[PDB]
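Structure first, commentary second.
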Amino acid sequence: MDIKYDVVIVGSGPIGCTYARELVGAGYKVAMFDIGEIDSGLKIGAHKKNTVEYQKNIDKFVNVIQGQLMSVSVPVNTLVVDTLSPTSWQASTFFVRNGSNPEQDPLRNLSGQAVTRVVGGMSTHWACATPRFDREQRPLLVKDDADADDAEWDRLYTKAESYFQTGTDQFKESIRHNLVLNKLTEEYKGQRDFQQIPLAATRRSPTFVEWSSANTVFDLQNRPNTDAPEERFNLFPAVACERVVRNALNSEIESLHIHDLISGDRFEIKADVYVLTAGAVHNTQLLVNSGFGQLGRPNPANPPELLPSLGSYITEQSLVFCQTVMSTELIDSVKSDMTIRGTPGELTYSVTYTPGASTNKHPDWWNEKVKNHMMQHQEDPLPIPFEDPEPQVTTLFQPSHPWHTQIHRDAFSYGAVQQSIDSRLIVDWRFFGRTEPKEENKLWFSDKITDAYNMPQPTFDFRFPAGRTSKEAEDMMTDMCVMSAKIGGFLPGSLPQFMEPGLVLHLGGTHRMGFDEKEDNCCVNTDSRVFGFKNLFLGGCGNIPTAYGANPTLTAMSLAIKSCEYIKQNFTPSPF
Amino acid sequence: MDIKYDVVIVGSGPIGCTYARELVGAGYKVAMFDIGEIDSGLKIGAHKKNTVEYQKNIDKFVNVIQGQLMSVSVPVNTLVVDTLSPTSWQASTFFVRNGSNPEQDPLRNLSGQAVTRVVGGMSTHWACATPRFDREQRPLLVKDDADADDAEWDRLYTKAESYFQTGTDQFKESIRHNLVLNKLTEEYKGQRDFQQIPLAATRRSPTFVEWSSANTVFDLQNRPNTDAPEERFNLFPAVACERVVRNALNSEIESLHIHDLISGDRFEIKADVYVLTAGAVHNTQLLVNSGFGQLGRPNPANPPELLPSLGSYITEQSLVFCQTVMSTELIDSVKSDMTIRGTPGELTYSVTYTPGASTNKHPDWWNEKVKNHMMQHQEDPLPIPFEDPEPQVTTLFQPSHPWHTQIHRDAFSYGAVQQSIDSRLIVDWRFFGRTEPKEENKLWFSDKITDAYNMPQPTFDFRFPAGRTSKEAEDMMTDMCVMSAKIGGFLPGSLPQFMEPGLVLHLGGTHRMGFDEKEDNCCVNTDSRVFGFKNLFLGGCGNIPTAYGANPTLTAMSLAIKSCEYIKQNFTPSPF
Amino acid sequence: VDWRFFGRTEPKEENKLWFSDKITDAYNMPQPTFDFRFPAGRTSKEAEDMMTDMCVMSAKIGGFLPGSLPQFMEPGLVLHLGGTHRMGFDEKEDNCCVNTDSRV
Amino acid sequence: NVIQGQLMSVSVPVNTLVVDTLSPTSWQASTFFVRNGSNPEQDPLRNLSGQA
Ligand SMILES: Cc1cc2nc3c(=O)[nH]c(=O)nc-3n(C[C@H](O)[C@H](O)[C@H](O)COP(=O)(O)OP(=O)(O)OC[C@H]3O[C@@H](n4cnc5c(N)ncnc54)[C@H](O)[C@@H]3O)c2cc1C
Ligand SMILES: Cc1cc2nc3c(=O)[nH]c(=O)nc-3n(C[C@H](O)[C@H](O)[C@H](O)COP(=O)(O)OP(=O)(O)OC[C@H]3O[C@@H](n4cnc5c(N)ncnc54)[C@H](O)[C@@H]3O)c2cc1C
């Protein structure tokens, strides 16, 4: 291991890979550290759902997600167990057991918040939705010039969409996708617009989608190699990055202190440029362990030297969720162009349609698939083919419906096992609220309790803000009940509900961006540089300082691309 | 991909890897096909539990196991869902949905039986116990000379133990381990012997154990390579092997028909020698899809042409399970050698002991750990150090207790512990019964229903035989209840229970071994060669024809090694 | 607060309560058996609109209580069964069993 | 609880729950036979199961 690099990046998630891709491509000598390990196959940091086996068994992937997500702050457990044998060791109090955080108020938690420590980060298992934010949800990159701001976000998002391979066409021939898209489009005609979820993914075959991940952005292979002979990059897995060292004037970072988990050694790594992309919780943890913000229970009667806004104004979206079972009417409509004669299972049975008929409700491709299904599987009571891909439908956030929507099927940590109802009938509904940033909503770190890597234990003090955020969240639940009823009734066991705070994993604003540190109550500027420091940049959702409802990764990636522009304007790569 | 090899092996679990180690090492040109993919990291087919993150969070590994195990035969669901919306599409019958198997009788199933399709097979997540079988559980390799049989088994087991890196001291300095071991040793003094579970694992540090896997047997890297310039091996993942092609005379296999899951193309591969190691279920499926045994619901009115015993005489172990919470008396004895001054937390707190004082009940390595724990964590009410390794205690199968026992902690698809009771207190009890082989106990394949890979759907017809197997199983339950109570009372939520048939995953006898095809009712001889065929061999637990309680993998491995000795004597490597 | 919204069901000849000629109940009388589905058309469409109306209405008072989320209850839990010996003016014209004096 | 106690179900279909974890020595059913008051005439999917 070299001990000198041009650029060091902490975290190998898709935002650290954005910095790699830009900086390695421009000739910088780059090192990347991840506390976690290469597990995902020969494609380093690739999506774990890209196996034939998972794509044949997509519900099983929930268990993989559950397995790698580690809860961020678990309050002390107060469950009463009073049927132990009288001989068994029995506690007298609810003591600190099994990694729990006694700093945590159980009623002001994001109990669902969790992290993933693996090479590629959460992109090894995310659901790949990458919508753009409209102006109302998005921070300003240019003030007092809206068309210039729009133009800058358009250039960055388009680039970001190329890195992720974002598209809106991978599900265009699914019968279920079109059944639901067309119905919603018709019902809301001229009030709301429906489209495919923009997905970071490339379809390889009718039954397989290559989901994008960090690996798609940057392949994570050591360089130089035969494909990039003039580039320089080294990834170091199983390395915990613990602290950046500030110079005495707080104008520069002088080193990164690391802990190699396999050998035990602890080193200082020196770079020209330090990039932190360890996630919204862990960027904040590393900064606070390095003398930024305030360690310990916040204490206003004692102002921090540096970055007083760090870990305040945190935002996390409200999530409401339900599943439906498709209406009898919609399922009958699937075979509306068909002529069916005879009884299924006898030689006289047949299913035909008129190709190209002007008054057909469906296109020939749909009707051929129905026909074939019904004719080859005459025991099956449904018209939807067995390997039909899932619906992937959205109506994006608008002023009149200020929440993001997904009307689809995919794997999340809270997916349930359902066996009794045919899966072809079931559609998931996920509506995502925006949360106003408030100073009182905080991520802070204990000065006593440490986590499993011996770093300061994360602690949340969070409630959804009263006012607009809470009114929108309840309106959004109503919207989901109203809209979902157009498609079918709720699936028993997946009735409409707010999910545990944080489960949606879209935390932002922990190290937030703005034009001016004091006036905009922020930590980094629009180049993602930490105020006061020449050579320290932060990337990730933590930078986003606005109330958003749409999934944030694409936006965070776009900020990282602008950040790399600034780096390339201000630091020169070492000669090879 | 060449079309011609010396040896082809179907399956990359630890039994396939045994054939690979032996034959690639003896110079054969070998190819290995697996239907699943490389996921586990840059060590191909390595144990997934070997990440720093799993080992700091071992309870999460349960979720990984759940995600990768796919149920073999799921009967048609008959749960009544009568609270659907009146608008939702509603069933008239319990039709076949969600991959269920309409051939399956739900009351004669191995409902717990499941398979893993990944490179390395189940060894990417197993619990690494590798006991030898005593005479009573083991098939004869030598007729009419018990001491020669014994010597041949000892020679094979000792190689197998070398391949797996089997050891019995990786847990020797665990407090919890020794606390349980010592107490059980004393309670059964002169009646039963206790020891460490033999485990395929190597300890690397006080907090890290490298669990063994297929990778340990053979690293699965293509050859020739720098480290092995004279060897020849190619691994082809994501290739479903579908049929071995019999010659018209039923004397030889002429090719292996494969489906490349990524390109979609179907090929025939030629080899001199064909080795099937796809697991006890899928070896059987592949043979039946190739014209061996009988396809469809068994029909005596129609003897099959070849291997009439294929899929009959199947065995699976009964499994009883509970968890206990450590007794107060045992917990108090952990600290019996300590001198304690004053009062925890308070200034003057000191904990000491006298190294070597024969009045000590415990060794110095133990007291040093207790002492350090109690001084560095004075708030914690227990004297077991937080990083203490798990217990791994067994008393092996004996005539007077004819069941294998594990008294330990490890990750399985069930048995997830929880957060109310300190995990240092908890011990798992798994007792495993032996099941008599009976002809009427069968694994068969549908002639109409197919599985997710379009192969004949496996179907079980199984009950624990009445008589000894059933009597033993109930005696085993009582034995667990009596034994467990010397250590602590049951943990609420893990009370003593029989586990669902097949969850233990120790299925045997589906393609069983013997001396004589007809007199021994078997499919392969003691070289693992399919009767009548020159060039077809099977490996795995499916070979074992006896009633066994212990974990079968080491025994399967031993038979594979004998098989390789036959192959080496009877086929010549192509020139290199 | 509890929210209970009750829909009306169209009377359909095919929805029946009949009694076994073989199986008996606890008092040695013919075992009741149902053959029932909510009629498609108006009854079903109203019932779903009624669900939506409860979600829209209840939200004005508060959000759902976890563990008591909006759901259809098991058919008949409501115990308002009717029409098993129905009233009308004319036995044949009105497919009924009793007249407006409740006389058979 | 008073109410649940006095309400007797009018037609309970034959139960077809799978209990496959009985001890091997326990008496075990080969079919889903008529148990504990259930009604074999009743189609489980066209019932008023809450009628009592
Ligand atoms: C199930 C699921 C579904 C999701 N769906 C979507 C969606 O559809 N759309 C969307 O936009 N987002 C979604 N997300 C969220 C998305 O995955 C994250 O926003 C994204 O991965 C954030 O990227 P990142 O690079 O900032 O952080 P991460 O991906 O979290 O990567 C940060 C990394 O740094 C590491 N690290 C942490 N601390 C240290 C340290 N001290 N030293 C060294 N390394 C460290 C980690 O091990 C990790 O690799 C989903 C995620 C989940 C789990
Ligand atoms: C949680 C867990 C705990 C366990 N603990 C223990 C224990 O402690 N000790 C004990 O002895 N064992 C235990 N086992 C069982 C042990 O893992 C198996 O006995 C062992 O892996 C069998 O080895 P194998 O090589 O025969 O088969 P497998 O490991 O099942 O490998 C068979 C392989 O062949 C493949 N395949 C299947 N069909 C095809 C096909 N048609 N074409 C091509 N490839 C195919 C698979 O994808 C797979 O990789 C445990 C299992 C699990 C899941």
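Sequence lines set the chain letters: A, B, ... in the order given, protein chains first and strands last, and positions in each chain run from 1. Heavy-atom basis, side chains included; hydrogens, waters and symmetry copies ignored. All ligand and atom numbering here is 1-based and tracks the order in the structure.
Between the side chains of A:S40 and A:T124, no donor N or O sits under 3.5 Å from an acceptor N or O.
Nearest residue to atom 15 (C) of ligand 2 from B:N543, B:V118, B:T553, B:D34 is B:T553 (criterion: closest heavy atom). Among A:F164, A:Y453, A:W126, A:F33, the residue whose heavy atom lies closest to atom 51 (C) of ligand 1 is A:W126. Comparing B:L261, B:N551, B:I15 against atom 24 (P) of ligand 2, the shortest heavy-atom distance belongs to B:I15. Checking A:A238, A:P14, A:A200, A:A114 against atom 23 (O) of ligand 1, the nearest heavy atom belongs to A:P14. Checking B:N283, B:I35, B:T555, B:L503 against atom 44 (N) of ligand 2, the nearest heavy atom belongs to B:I35. Comparing A:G11, A:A127, A:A550 by heavy-atom distance to atom 3 (C) of ligand 1, the nearest is A:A127.
Of all heavy-atom pairs between B:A238 and B:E37, the closest is CB-CG, 3.6 Å. Across all their heavy atoms, A:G121 and A:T116 have their closest contact at O-CG2, 3.6 Å. Residue A:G542 comes nearest to A:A280 through the heavy atom pair N-CB, 3.8 Å, listed as atom of the first residue, atom of the second, then distance.
Neither the backbone nor the side chain of B:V119 has any atom closer than 4.0 Å to an atom of ligand 2 (non-hydrogen atoms only). Under 4.0 Å from ligand 2, the heavy atoms of B:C128 that appear belong solely to its backbone.
Aromatic ring centres of B:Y19 and B:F537 lie farther apart than the 6.0 Å criterion allows.
For ligand 1, the atoms sitting less than 4.0 Å from at least one non-hydrogen atom of A:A129 are 7 (C), 8 (O), 9 (N), 10 (C), 11 (O), numbered in the order shown with element in parentheses. If you number the atoms of ligand 1 from 1 as listed, the ones under 4.0 Å from a heavy atom of A:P552 come out as 11 (O). Within ligand 1, counting atoms from 1 as listed, the ones closer than 4.0 Å to a heavy atom of A:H125 are 1 (C), 53 (C). Each of the atoms 46 (C), 47 (O), 48 (C) of ligand 1 lies under 4.0 Å from some heavy atom of A:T116. Of all atoms in ligand 1, listed by their number and element, those nearer than 4.0 Å to a heavy atom of A:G121 are 29 (O), 31 (O), 48 (C), 49 (O). Proximity to A:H282 (heavy-atom distance under 4.0 Å) selects the following atoms of ligand 1: 37 (C), 38 (N). Counting atoms of ligand 1 from 1 in the listed order, those under 4.0 Å from a heavy atom of A:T277 are 32 (C), 34 (O). Atoms of ligand 1 lying under 4.0 Å from at least one heavy atom of A:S123, given by number and element, are 21 (O).
Under a 4.0 Å heavy-atom criterion, B:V239 is in contact with ligand 2.
Two residues are said to be in side-chain contact when any heavy atoms from C-beta on lie closer than 4.5 Å; B:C541 and B:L507 fail this criterion. A 4.5 Å side-chain heavy-atom check between A:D428 and A:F412 finds every atom pair outside the cut-off.
Ligand 2 has no N or O atom lying under 3.5 Å from any N or O atom of B:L505, backbone or side chain.
No option in B:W211, B:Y157, B:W126, B:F218 other than B:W126 meets the ring-ring contact (aromatic ring centres under 6.0 Å, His included) test with B:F164.
Protein heavy atom at the shortest distance from atom 41 (N) of ligand 1 is A:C241 O, 3.1 Å. The protein heavy atom nearest to atom 27 (O) of ligand 1 is A:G279 CA, 3.9 Å. In this structure, atom 17 (O) of ligand 1 lies nearest to the protein heavy atom A:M122 CB, 3.2 Å. Annotation: atom 37 (C) of ligand 1 to nearest protein heavy atom, A:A278 O, 3.4 Å.
Here the CZ-CD1 distance, from A:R430 to A:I407, works out to 12.0 Å after rounding to the nearest 0.5 Å. From B:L286, atom CG reaches atom NE2 of B:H511 across 10.5 Å, with rounding to the nearest 0.5 Å.
Of the possible donor and acceptor atoms, none in the side chain of B:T277 sits under 3.5 Å from a partner among the backbone N and O of B:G539. With B:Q66 contributing its side chain and B:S413 its backbone, the two residues share a donor-acceptor pair below 3.5 Å.
Within the cation-pi definition used here (under 6.0 Å to the ring centroid, within 45° of the axis), A:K48 does not qualify as a partner of A:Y54.
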